Structure formats: structure tokens, C-alpha cells
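Participant: Just one file: target21.tsv, with TSV, C-alpha atoms.
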chain	number	residue	atom	x	y	z
A	1	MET	CA	-12.22	-5.93	52.05
A	2	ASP	CA	-13.23	-2.92	54.13
A	3	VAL	CA	-12.21	-2.54	57.78
A	4	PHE	CA	-14.15	-0.40	60.26
A	5	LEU	CA	-12.33	1.38	63.07
A	6	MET	CA	-12.72	3.62	66.11
A	7	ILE	CA	-9.90	6.14	66.45
A	8	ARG	CA	-9.96	7.34	70.06
A	9	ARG	CA	-7.99	9.98	71.96
A	10	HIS	CA	-9.04	11.42	75.34
A	11	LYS	CA	-12.83	11.99	75.05
A	12	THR	CA	-12.88	12.04	71.23
A	13	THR	CA	-14.00	9.10	69.08
A	14	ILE	CA	-13.84	9.06	65.27
A	15	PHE	CA	-15.85	6.47	63.35
A	16	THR	CA	-14.27	5.76	59.97
A	17	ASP	CA	-13.58	2.95	57.51
A	18	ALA	CA	-10.72	2.10	55.18
A	19	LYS	CA	-9.38	-0.66	52.95
A	20	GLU	CA	-7.59	-3.58	54.59
A	21	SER	CA	-4.80	-2.94	52.06
A	22	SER	CA	-4.58	0.74	53.02
A	23	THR	CA	-1.66	1.94	55.13
A	24	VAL	CA	-1.52	3.47	58.60
A	25	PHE	CA	-0.23	6.72	57.10
A	26	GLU	CA	-3.39	6.98	55.00
A	27	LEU	CA	-5.32	6.75	58.28
A	28	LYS	CA	-3.26	9.62	59.69
A	29	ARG	CA	-4.22	11.63	56.60
A	30	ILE	CA	-7.89	11.10	57.46
A	31	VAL	CA	-7.42	12.36	61.03
A	32	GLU	CA	-5.60	15.43	59.67
A	33	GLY	CA	-8.70	16.54	57.76
A	34	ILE	CA	-10.90	16.01	60.83
A	35	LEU	CA	-8.84	17.10	63.85
A	36	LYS	CA	-6.49	19.52	62.02
A	37	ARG	CA	-3.27	17.83	63.15
A	38	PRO	CA	-0.61	16.83	60.59
A	39	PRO	CA	0.59	13.21	60.37
A	40	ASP	CA	3.95	14.00	61.99
A	41	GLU	CA	2.02	15.04	65.13
A	42	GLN	CA	0.01	11.79	65.27
A	43	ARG	CA	0.70	8.30	66.62
A	44	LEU	CA	-1.69	5.41	66.03
A	45	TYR	CA	-1.81	2.38	68.33
A	46	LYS	CA	-3.31	-1.10	68.36
A	47	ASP	CA	-3.61	-1.85	72.09
A	48	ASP	CA	-0.07	-0.86	73.20
A	49	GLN	CA	1.56	-1.66	69.83
A	50	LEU	CA	2.80	1.37	67.92
A	51	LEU	CA	1.82	1.03	64.26
A	52	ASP	CA	4.37	1.60	61.50
A	53	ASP	CA	3.63	4.16	58.80
A	54	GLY	CA	4.37	1.83	55.88
A	55	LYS	CA	2.40	-1.17	57.15
A	56	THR	CA	-1.10	-1.84	55.86
A	57	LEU	CA	-4.07	-2.20	58.20
A	58	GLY	CA	-4.21	-5.91	57.37
A	59	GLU	CA	-0.55	-6.34	58.27
A	60	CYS	CA	-1.22	-4.58	61.59
A	61	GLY	CA	-3.80	-7.24	62.49
A	62	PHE	CA	-6.87	-5.23	61.45
A	63	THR	CA	-8.90	-7.61	59.30
A	64	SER	CA	-12.46	-7.35	58.02
A	65	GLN	CA	-13.33	-10.40	60.14
A	66	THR	CA	-12.18	-8.75	63.39
A	67	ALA	CA	-13.42	-5.18	62.71
A	68	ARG	CA	-17.06	-5.13	61.57
A	69	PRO	CA	-19.37	-2.09	61.36
A	70	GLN	CA	-21.23	-3.29	64.47
A	71	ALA	CA	-17.93	-4.01	66.28
A	72	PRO	CA	-15.28	-1.59	65.01
A	73	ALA	CA	-11.68	-2.04	66.08
A	74	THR	CA	-10.24	0.48	68.54
A	75	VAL	CA	-7.17	2.45	67.44
A	76	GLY	CA	-5.40	4.59	70.02
A	77	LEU	CA	-4.38	8.12	69.08
A	78	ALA	CA	-1.82	10.46	70.65
A	79	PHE	CA	-0.83	14.00	69.68
A	80	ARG	CA	2.52	15.77	69.80
A	81	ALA	CA	2.92	18.13	72.79
A	82	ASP	CA	6.02	20.16	71.84
A	83	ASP	CA	9.05	17.79	71.91
A	84	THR	CA	7.38	14.41	72.38
A	85	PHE	CA	4.09	12.61	71.86
A	86	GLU	CA	1.72	12.61	74.81
A	87	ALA	CA	1.08	9.34	76.60
A	88	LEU	CA	-1.71	7.24	75.15
A	89	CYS	CA	-4.89	8.01	77.07
A	90	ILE	CA	-8.36	6.84	76.06
A	91	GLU	CA	-11.19	7.95	78.34
A	92	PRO	CA	-13.45	4.92	78.91
A	93	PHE	CA	-17.13	5.06	78.10
A	94	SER	CA	-19.71	4.93	80.86
A	95	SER	CA	-21.16	1.63	81.98
A	96	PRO	CA	-24.80	0.52	81.98
A	97	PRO	CA	-26.37	0.07	85.43
A	98	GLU	CA	-27.13	-3.27	87.08
A	99	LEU	CA	-30.16	-5.16	85.82
A	100	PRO	CA	-33.32	-4.65	87.97
B	17	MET	CA	-18.22	15.71	55.39
B	18	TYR	CA	-18.08	14.84	59.10
B	19	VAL	CA	-20.25	15.80	62.06
B	20	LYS	CA	-19.45	15.75	65.78
B	21	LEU	CA	-21.87	14.17	68.27
B	22	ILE	CA	-21.37	14.91	71.97
B	23	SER	CA	-22.87	12.73	74.70
B	24	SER	CA	-24.07	13.71	78.18
B	25	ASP	CA	-20.64	12.97	79.68
B	26	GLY	CA	-18.88	15.10	77.06
B	27	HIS	CA	-17.60	12.30	74.82
B	28	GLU	CA	-17.17	13.51	71.24
B	29	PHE	CA	-18.23	11.16	68.43
B	30	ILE	CA	-17.11	12.21	64.95
B	31	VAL	CA	-19.01	10.34	62.22
B	32	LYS	CA	-19.61	10.86	58.51
B	33	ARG	CA	-22.32	13.44	57.84
B	34	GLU	CA	-24.20	11.03	55.57
B	35	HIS	CA	-24.26	8.46	58.39
B	36	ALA	CA	-25.80	10.87	60.91
B	37	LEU	CA	-28.63	11.74	58.49
B	38	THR	CA	-30.08	8.27	59.20
B	39	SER	CA	-31.59	9.66	62.41
B	40	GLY	CA	-34.60	11.83	61.63
B	41	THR	CA	-34.01	13.83	64.81
B	42	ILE	CA	-30.35	14.56	64.03
B	43	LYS	CA	-31.38	15.41	60.46
B	44	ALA	CA	-33.77	18.05	61.83
B	45	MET	CA	-31.20	19.75	64.12
B	46	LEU	CA	-28.07	20.04	61.97
B	47	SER	CA	-26.69	22.85	59.82
B	58	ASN	CA	-21.76	20.65	62.43
B	59	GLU	CA	-22.16	19.89	66.15
B	60	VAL	CA	-25.08	18.38	68.08
B	61	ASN	CA	-25.29	18.16	71.88
B	62	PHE	CA	-27.09	15.21	73.52
B	63	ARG	CA	-27.11	16.16	77.21
B	64	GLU	CA	-29.43	13.22	78.02
B	65	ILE	CA	-27.66	10.28	76.31
B	66	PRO	CA	-24.58	8.72	77.96
B	67	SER	CA	-21.48	7.83	75.98
B	68	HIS	CA	-21.87	4.04	76.14
B	69	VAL	CA	-25.30	4.38	74.50
B	70	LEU	CA	-24.31	7.01	71.93
B	71	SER	CA	-21.27	4.93	70.95
B	72	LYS	CA	-23.60	1.98	70.35
B	73	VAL	CA	-25.88	4.18	68.23
B	74	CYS	CA	-22.93	5.31	66.11
B	75	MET	CA	-22.15	1.64	65.46
B	76	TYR	CA	-25.76	1.12	64.37
B	77	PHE	CA	-25.43	3.97	61.86
B	78	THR	CA	-22.47	2.23	60.24
B	79	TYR	CA	-24.27	-1.11	60.62
B	80	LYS	CA	-27.52	0.17	59.09
B	81	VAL	CA	-25.87	2.01	56.19
B	82	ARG	CA	-23.39	-0.75	55.31
B	83	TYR	CA	-25.74	-3.75	55.23
B	84	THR	CA	-28.81	-2.02	53.77
B	85	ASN	CA	-28.93	-4.46	50.84
B	89	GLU	CA	-28.14	-12.57	54.93
B	90	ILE	CA	-27.29	-9.73	57.31
B	91	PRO	CA	-25.24	-10.40	60.47
B	92	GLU	CA	-27.10	-9.80	63.71
B	93	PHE	CA	-26.60	-6.51	65.55
B	94	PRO	CA	-25.49	-7.45	69.09
B	95	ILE	CA	-27.20	-5.71	72.00
B	96	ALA	CA	-26.15	-6.39	75.58
B	97	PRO	CA	-29.09	-6.74	78.01
B	98	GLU	CA	-27.68	-4.12	80.38
B	99	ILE	CA	-27.88	-1.34	77.75
B	100	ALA	CA	-31.15	-2.42	76.12
B	101	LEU	CA	-33.31	-0.18	78.32
B	102	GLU	CA	-31.25	2.97	77.75
B	103	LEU	CA	-30.61	2.16	74.08
B	104	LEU	CA	-34.37	1.86	73.51
B	105	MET	CA	-34.91	5.31	75.02
B	106	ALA	CA	-32.28	6.79	72.70
B	107	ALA	CA	-33.60	5.01	69.60
B	108	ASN	CA	-37.14	6.24	70.28
B	109	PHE	CA	-35.80	9.78	70.73
B	110	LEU	CA	-33.43	9.67	67.74
B	111	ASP	CA	-36.15	8.11	65.52
B	112	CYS	CA	-34.26	5.26	63.89
C	59	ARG	CA	-69.45	-16.11	64.52
C	60	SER	CA	-68.16	-17.74	67.70
C	61	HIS	CA	-68.00	-14.40	69.69
C	62	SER	CA	-64.56	-13.10	70.72
C	63	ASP	CA	-62.96	-14.98	67.78
C	64	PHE	CA	-63.54	-11.80	65.75
C	65	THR	CA	-61.62	-9.69	68.29
C	66	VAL	CA	-58.65	-12.07	68.03
C	67	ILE	CA	-58.27	-12.33	64.24
C	68	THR	CA	-58.57	-8.56	63.84
C	69	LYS	CA	-55.84	-8.09	66.45
C	70	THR	CA	-53.37	-10.57	64.94
C	71	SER	CA	-53.84	-9.11	61.45
C	72	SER	CA	-52.59	-5.78	62.81
C	73	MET	CA	-49.60	-7.59	64.31
C	74	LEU	CA	-49.06	-9.47	61.04
C	75	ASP	CA	-48.55	-6.13	59.30
C	76	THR	CA	-46.41	-4.85	62.19
C	77	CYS	CA	-43.88	-7.67	61.82
C	78	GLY	CA	-41.65	-7.68	58.76
C	79	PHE	CA	-41.72	-11.35	57.75
C	80	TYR	CA	-45.39	-11.40	56.68
C	81	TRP	CA	-45.54	-11.33	52.88
C	82	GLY	CA	-49.32	-11.38	52.38
C	83	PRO	CA	-50.58	-12.97	49.17
C	84	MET	CA	-47.62	-14.97	47.90
C	85	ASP	CA	-47.24	-17.89	45.52
C	86	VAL	CA	-46.11	-21.23	46.94
C	87	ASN	CA	-43.50	-21.55	44.18
C	88	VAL	CA	-41.86	-18.18	44.86
C	89	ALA	CA	-41.97	-18.84	48.61
C	90	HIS	CA	-40.04	-22.09	48.17
C	91	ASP	CA	-37.74	-20.55	45.55
C	92	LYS	CA	-37.04	-17.59	47.84
C	93	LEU	CA	-36.24	-19.80	50.82
C	94	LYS	CA	-34.17	-22.30	48.81
C	95	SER	CA	-31.49	-19.58	48.61
C	96	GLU	CA	-31.88	-18.81	52.34
C	97	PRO	CA	-30.10	-20.74	55.12
C	98	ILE	CA	-31.69	-23.68	56.91
C	99	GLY	CA	-34.39	-22.82	59.44
C	100	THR	CA	-35.44	-19.51	57.85
C	101	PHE	CA	-39.24	-19.32	57.95
C	102	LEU	CA	-41.86	-17.00	56.49
C	103	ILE	CA	-45.57	-16.23	56.90
C	104	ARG	CA	-47.78	-15.62	53.88
C	105	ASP	CA	-51.38	-15.84	52.77
C	106	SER	CA	-52.77	-19.13	51.47
C	107	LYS	CA	-54.67	-19.41	48.19
C	108	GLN	CA	-56.80	-22.19	49.67
C	109	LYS	CA	-60.38	-21.42	50.68
C	110	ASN	CA	-60.23	-23.19	54.07
C	111	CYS	CA	-56.81	-21.80	55.06
C	112	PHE	CA	-56.11	-18.30	56.36
C	113	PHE	CA	-52.30	-18.34	56.57
C	114	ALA	CA	-49.41	-20.62	55.65
C	115	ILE	CA	-45.88	-20.82	57.04
C	116	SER	CA	-43.07	-21.75	54.64
C	117	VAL	CA	-39.89	-23.05	56.28
C	118	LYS	CA	-36.73	-24.55	54.80
C	119	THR	CA	-36.03	-27.86	56.53
C	120	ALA	CA	-32.79	-29.83	56.33
C	121	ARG	CA	-34.19	-32.08	53.59
C	122	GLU	CA	-36.38	-29.68	51.59
C	123	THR	CA	-38.49	-26.52	51.74
C	124	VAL	CA	-41.96	-27.20	53.17
C	125	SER	CA	-45.05	-25.01	53.52
C	126	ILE	CA	-47.27	-25.74	56.54
C	127	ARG	CA	-50.81	-24.40	56.91
C	128	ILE	CA	-52.06	-22.74	60.10
C	129	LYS	CA	-55.41	-23.82	61.56
C	130	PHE	CA	-57.62	-21.50	63.63
C	131	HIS	CA	-60.27	-23.26	65.72
C	132	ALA	CA	-62.40	-21.63	68.44
C	133	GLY	CA	-59.98	-18.81	69.21
C	134	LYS	CA	-56.89	-21.04	69.21
C	135	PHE	CA	-54.13	-21.16	66.59
C	136	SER	CA	-52.44	-24.45	65.70
C	137	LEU	CA	-50.09	-25.73	63.04
C	138	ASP	CA	-51.12	-28.43	60.58
C	141	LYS	CA	-51.61	-30.46	68.31
C	142	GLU	CA	-50.44	-27.49	70.40
C	143	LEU	CA	-53.01	-24.69	70.48
C	144	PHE	CA	-52.14	-21.02	70.96
C	145	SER	CA	-54.20	-17.88	71.47
C	146	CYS	CA	-51.87	-15.65	69.43
C	147	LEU	CA	-50.28	-16.46	66.08
C	148	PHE	CA	-46.92	-14.99	67.12
C	149	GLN	CA	-47.09	-16.91	70.40
C	150	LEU	CA	-47.11	-19.96	68.12
C	151	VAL	CA	-44.15	-18.56	66.16
C	152	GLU	CA	-42.16	-17.78	69.31
C	153	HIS	CA	-42.85	-21.27	70.69
C	154	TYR	CA	-41.36	-23.12	67.71
C	155	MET	CA	-38.46	-20.63	67.66
C	156	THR	CA	-37.37	-21.28	71.26
C	157	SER	CA	-37.83	-25.05	71.45
C	158	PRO	CA	-34.74	-27.26	70.92
C	159	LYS	CA	-36.26	-28.62	67.68
C	160	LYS	CA	-35.29	-25.35	65.92
C	161	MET	CA	-37.68	-25.91	63.04
C	162	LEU	CA	-37.89	-22.10	62.89
C	163	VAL	CA	-34.76	-20.03	63.53
C	164	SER	CA	-34.85	-16.73	61.63
C	165	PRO	CA	-37.63	-14.93	59.73
C	166	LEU	CA	-37.11	-13.70	56.20
C	167	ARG	CA	-38.41	-10.14	56.46
C	168	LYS	CA	-39.20	-7.85	53.54
C	169	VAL	CA	-36.59	-5.49	54.98
C	170	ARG	CA	-33.79	-7.59	56.45
C	171	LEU	CA	-32.31	-4.73	58.51
C	172	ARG	CA	-34.70	-3.83	61.39
C	173	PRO	CA	-34.79	-0.48	63.22
C	174	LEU	CA	-32.85	-0.11	66.45
C	175	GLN	CA	-36.12	0.26	68.38
C	176	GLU	CA	-37.28	-3.21	67.31
C	177	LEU	CA	-33.91	-4.78	68.15
C	178	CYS	CA	-34.00	-3.18	71.60
C	179	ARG	CA	-37.63	-4.23	72.11
C	180	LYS	CA	-36.75	-7.84	71.30
C	181	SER	CA	-33.93	-7.71	73.87
C	182	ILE	CA	-36.16	-6.16	76.56
C	183	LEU	CA	-38.74	-8.94	76.25
C	184	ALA	CA	-36.10	-11.69	76.09
C	185	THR	CA	-34.59	-10.76	79.47
C	186	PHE	CA	-37.66	-9.60	81.44
C	187	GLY	CA	-40.60	-11.26	79.67
C	188	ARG	CA	-44.05	-10.07	78.67
C	189	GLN	CA	-45.18	-10.65	82.27
C	190	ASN	CA	-42.71	-8.24	83.88
C	191	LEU	CA	-43.53	-5.55	81.28
C	192	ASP	CA	-45.22	-3.52	84.05
C	193	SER	CA	-42.34	-3.93	86.53
C	194	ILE	CA	-40.03	-1.91	84.24
C	195	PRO	CA	-38.76	1.61	85.09
C	196	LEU	CA	-39.93	2.91	81.73
C	197	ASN	CA	-42.46	5.59	80.95
C	198	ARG	CA	-45.78	4.98	79.25
C	199	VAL	CA	-44.62	5.79	75.71
C	200	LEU	CA	-41.88	3.15	75.83
C	201	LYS	CA	-43.92	0.69	77.91
C	202	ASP	CA	-46.71	0.85	75.32
C	203	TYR	CA	-44.18	0.27	72.54
C	204	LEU	CA	-43.00	-2.89	74.31
C	205	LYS	CA	-46.61	-4.09	74.58
C	206	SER	CA	-47.24	-3.23	70.91
C	207	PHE	CA	-45.22	-6.31	69.86
C	208	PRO	CA	-44.24	-8.31	73.07
C	209	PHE	CA	-42.32	-11.23	71.58
C	210	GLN	CA	-38.71	-12.40	71.41
C	211	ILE	CA	-39.16	-12.98	67.65
D	756	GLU	CA	-47.44	-29.39	47.95
D	757	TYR	CA	-48.17	-29.04	51.67
D	758	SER	CA	-47.34	-31.10	54.76
D	759	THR	CA	-47.66	-31.08	58.55
D	760	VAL	CA	-45.75	-31.66	61.83
When written as C-alpha cells, how does the structure in this file appear?
Facilitator:
Amino acid sequence: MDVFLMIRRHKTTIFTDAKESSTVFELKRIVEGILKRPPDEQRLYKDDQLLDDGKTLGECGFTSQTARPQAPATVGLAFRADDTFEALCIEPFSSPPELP
Amino acid sequence: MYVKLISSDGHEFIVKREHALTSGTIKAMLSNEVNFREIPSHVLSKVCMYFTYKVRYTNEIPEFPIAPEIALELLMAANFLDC
Amino acid sequence: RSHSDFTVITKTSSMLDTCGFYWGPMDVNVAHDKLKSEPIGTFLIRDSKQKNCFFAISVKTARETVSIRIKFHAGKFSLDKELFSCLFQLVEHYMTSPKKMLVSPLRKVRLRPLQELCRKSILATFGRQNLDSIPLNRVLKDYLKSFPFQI
Amino acid sequence: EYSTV
């Protein structure tokens, strides 16, 4: 089935979907067309787990049951700053105020 | 292809262009970037989920969850975004 | 006749068109055949072909799909012994009670706008009474009062 | 076929 994701880096959030049988590298190819960074300058993360290029989204734990359109799964993104890849940093969203 | 939505706190939300056309307001003010200086990120992120939710299930539909703390601000955005 | 009974029926009819799960003139057979494919507890409001019956509510019970008529007597709405001033106040009552005869309404458009889903959440947490204690402007406060129900 | 309760 289809899996719905949120690819987040710094203050950028990309809403996209893919097949559960699709690979992480295919996801990097999507980010390349959007953010103009090649796949060898990208690293995708599930929580703190670095995802392998050849593993499918289903194998990485992303299932249609756990990543719905109304609750998309969060995928961390880091770019290459010269030698290495920058540390994973996802700016949190704001919070709603206290109820009156 | 894709459009970039920016919240009041500067958070960038990149969604499919066809998904953003759901909002009549966004449809009126779009060429590839729209600035929403009055909508915070936690509300605009929820709206982007509704776009995917509305477009995907437009066809027993699972309920769209809305936390009570964001209901007031989300209503103000939905009335403004016309959706 | 009866005085303010006219002002009530004309007001509910506007709210009947506002909500999505009112199907107007509908055959009893298609109402039961439509709900037989729906999960248990899904209700629906439709017109009644009877001459002494304004509206009917078709719900799918655990055993079978039943259609219950709605009586209006002296400004009060009742099902076929609890009276209610508004028809949707009657719907909300049977939706909140532990009996759960009614759970979800089968709307013509199953996917509701975000404004309606927010409105339903605003009323569920504050209530129709506190609608004027809300830090919201007139345009949004009037929208909340346009359909003030948790339905 | 109608009922009550």
C-alpha cells in the first residue's frame, strides 16, 4: 500500500507519499528534485536510525498502518556540509496555548 | 509540481501543487511560494495533513483527529483558507 | 397553528440542509439497503412518505436495520418519551448516551470540511453555553452558533 | 416496516 511521510530538516517540511515497497534511495531521488541536493549529499533517518539505501520503506518500519495521510511518519533529513553530513536537526513546531 | 508554504514562524512546508489547490485562498494567490505571516507552524502543518487527508479519501473514511488545544486556531485558519 | 411552532420547524429545516446526513425524500428500501453495507450504529435522517410523519431516522442496529419515525408535538421533538426543542438536540442526545443507538451519520459527502471538524471540536470542549466566553471574533462566533452541536 | 424505542 501507500505510505505517507514528512521529510523534515531544520525549518523545512516536505509532504510526500510513496509505495511501501519503494526504497529509501527512491525517496532521496524525490528530495533531489525538490531541494536540489543529490542523493549522495542526503541522509534519511527514522528517529535516530540511519536508513539503508537498499532497504524498502516497509523494511524500515514505515507501514501504511503507522503512516496515514492524517498522521504522516516523520523522516529526518541531513545534508552534506563539505566532508561530512551535518548533525540531524529538526526544528520543532510551535505549541498551542493553554485552554481557557 | 510542488509549492512551498511558509508559516508565521518561518517553517517551510513543501506540498504537491495539486494538493494546495484544495484551498480556494491559496488557489487565488499562486503563480511557487506563499507567505502566511498570521498562521503558526503547528496549525499550518495540521492543514497540510488535511490536504493529503481530503484528497486521498475523497471517495467508511477514518476520522481526522483534532486536538482540543489547536481547535480554536485551526478554525481561524480553515475559515481564512476556505476549505 | 400553535404559534411559535412555525418558527421552530422553519429553523430546523434550514439546519437539516446544513448538516450532511439529511437525505430528503428517500425510499425506505434504499435507506435500509444503504445502511446494511454500513457499520453498526450508523444512522441517517430522511423524509417520510407517510402523511402524519415529517421525518424518519434509519439506523442499523445489531440485529437489523430499523427506521424510526420522529414525532413533533407542541414545539417538542420526540422519537417514536423524551421531548426535545431541536431535532439535532435529539440526535446529539442519543449519540452521547451509553446506549450508542446512534454513533456516526452517513452523510452525502463523507469527508467534511476542516471548518466543520473544528466547529465540532470547539463545541465538544466548551459547550453551546460557553459560546460567548470564547476569545473569537464575531465571524467565527456566529459560525459556531450556526450549527452548535457535537454531531 | 417501522418500529420504536
Participant: Could you give me, as number ranges by chain, the residues that have an atom at most 12 Å away from the point (-0.3, 19.0, 72.5) in the coordinates of the file, using all atoms listed in the file?
Facilitator: A: 9-10, 37, 41-42, 78-87
Participant: State, in Å with one decimal place, the distance from CA of residue 67 in chain B to CA of residue 44 in chain A.
Facilitator: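 Between these atoms lies a distance of 22.3 Å.
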Participant: Identify all chain A residues at most 6 Å from chain B by counting all atoms listed in the file; ligands do not count. Present them as number ranges by chain.
Facilitator: A: 11-15, 69-70, 93-94, 96
Participant: Find the distance between CA of residue 163 in chain C and CA of residue 187 in chain C and write it in Å to one decimal.
Facilitator: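 So the answer is 19.3 Å.
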Participant: Could you list, as a PyMOL selection string, every residue of chain C that has an atom within 9 Å of an atom of chain B, counting all atoms listed in the file?
Facilitator: chain C and resi 96-97+169-179+181-182+184-185+195-196+200
Participant: May I ask you to extract the residues of chain C within 6 Å of chain D, using all atoms listed in the file, and to give them as a list in words?
Facilitator: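 Here they are: residues 125, 126 and 138 of chain C.
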Participant: Figure out the distance between CA of residue 24 in chain A and CA of residue 55 in chain A, please, to one decimal in Å.
Facilitator: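 Computing the Euclidean distance for CA of residue 55 in chain A and CA of residue 24 in chain A yields 6.2 Å.
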Participant: Neighbours of residue 27 in chain A within 12 Å (only C-alpha atoms; same-chain residues fewer than 6 positions away dropped), as an mmCIF file with C-alpha atoms, keeping the file's coordinate frame?
Facilitator:
data_model
loop_
_atom_site.group_PDB
_atom_site.id
_atom_site.type_symbol
_atom_site.label_atom_id
_atom_site.label_comp_id
_atom_site.auth_asym_id
_atom_site.auth_seq_id
_atom_site.Cartn_x
_atom_site.Cartn_y
_atom_site.Cartn_z
ATOM 1 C CA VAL A 3 -12.210 -2.540 57.780
ATOM 2 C CA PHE A 4 -14.150 -0.400 60.260
ATOM 3 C CA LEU A 5 -12.330 1.380 63.070
ATOM 4 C CA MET A 6 -12.720 3.620 66.110
ATOM 5 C CA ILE A 7 -9.900 6.140 66.450
ATOM 6 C CA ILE A 14 -13.840 9.060 65.270
ATOM 7 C CA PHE A 15 -15.850 6.470 63.350
ATOM 8 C CA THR A 16 -14.270 5.760 59.970
ATOM 9 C CA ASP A 17 -13.580 2.950 57.510
ATOM 10 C CA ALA A 18 -10.720 2.100 55.180
ATOM 11 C CA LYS A 19 -9.380 -0.660 52.950
ATOM 12 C CA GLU A 20 -7.590 -3.580 54.590
ATOM 13 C CA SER A 21 -4.800 -2.940 52.060
ATOM 14 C CA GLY A 33 -8.700 16.540 57.760
ATOM 15 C CA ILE A 34 -10.900 16.010 60.830
ATOM 16 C CA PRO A 38 -0.610 16.830 60.590
ATOM 17 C CA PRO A 39 0.590 13.210 60.370
ATOM 18 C CA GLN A 42 0.010 11.790 65.270
ATOM 19 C CA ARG A 43 0.700 8.300 66.620
ATOM 20 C CA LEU A 44 -1.690 5.410 66.030
ATOM 21 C CA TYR A 45 -1.810 2.380 68.330
ATOM 22 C CA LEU A 51 1.820 1.030 64.260
ATOM 23 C CA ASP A 52 4.370 1.600 61.500
ATOM 24 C CA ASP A 53 3.630 4.160 58.800
ATOM 25 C CA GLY A 54 4.370 1.830 55.880
ATOM 26 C CA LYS A 55 2.400 -1.170 57.150
ATOM 27 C CA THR A 56 -1.100 -1.840 55.860
ATOM 28 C CA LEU A 57 -4.070 -2.200 58.200
ATOM 29 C CA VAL A 75 -7.170 2.450 67.440
ATOM 30 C CA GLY A 76 -5.400 4.590 70.020
ATOM 31 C CA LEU A 77 -4.380 8.120 69.080
#
